[PDB]
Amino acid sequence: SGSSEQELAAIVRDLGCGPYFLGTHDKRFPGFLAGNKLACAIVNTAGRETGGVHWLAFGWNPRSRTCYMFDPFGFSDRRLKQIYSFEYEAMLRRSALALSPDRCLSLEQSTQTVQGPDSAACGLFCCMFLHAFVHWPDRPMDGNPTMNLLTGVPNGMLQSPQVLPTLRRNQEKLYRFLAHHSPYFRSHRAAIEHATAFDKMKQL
């Protein structure tokens, strides 16, 4: 169910993220502490011991002092804390203290889902976002060749019928994008598309 950390590490590398990528972690990701460089990561909502639950993408732009948090589902921090028991306040504090002279940062996050409610492609959408983030770090969420390929829908509409055709088309365009840019995705395509299926949570 979903993408493994090796799967994501290989795809992220294939996407041209490697030099700016800090790895794949669990909820205990410390933050952007090393230096004031373009940096990103893939962080799980849960601790490694639980086995993993959901994937999130975190980016740092030093020329705007912005931390981008990408939840493919566009849940608010309040909803992330409720649904997934995930909080990243300490992460934001450690980061702004380590990299911001004024001790302030801008937290930019999605309010729209790109993912169907039963889909297990969260890790893969995180890869796509990090591709958009490393190529357009000043505006990674939308208005760039990579995120222009997807159609975000208000998060509040996640469980509604009118949006499944859009959320499925997103998932098909996700695969097509990854097959175009990642040899690792191409090689493991059948196992990746099946384990991250649009309907995977119903097919447990």
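Throughout, we count residues from 1 along the sequence that is shown.
Residue set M69, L164, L174, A41: peak C-alpha B-factor at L164 (per PDB entry).
For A191, the recorded CA temperature factor ranks within the highest third of the chain's modelled residues.
In this PDB entry, the Cα temperature factor of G47 sits in the top third of its chain's modelled residues, the highest group.
Ranked by C-alpha B-factor against the other modelled residues of its chain, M147 falls in the middle third. In this PDB entry, the Cα temperature factor of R103 sits in the top third of its chain's modelled residues, the highest group. For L178, the recorded CA B-factor ranks within the lowest third of the chain. Only modelled residues enter the ranking.
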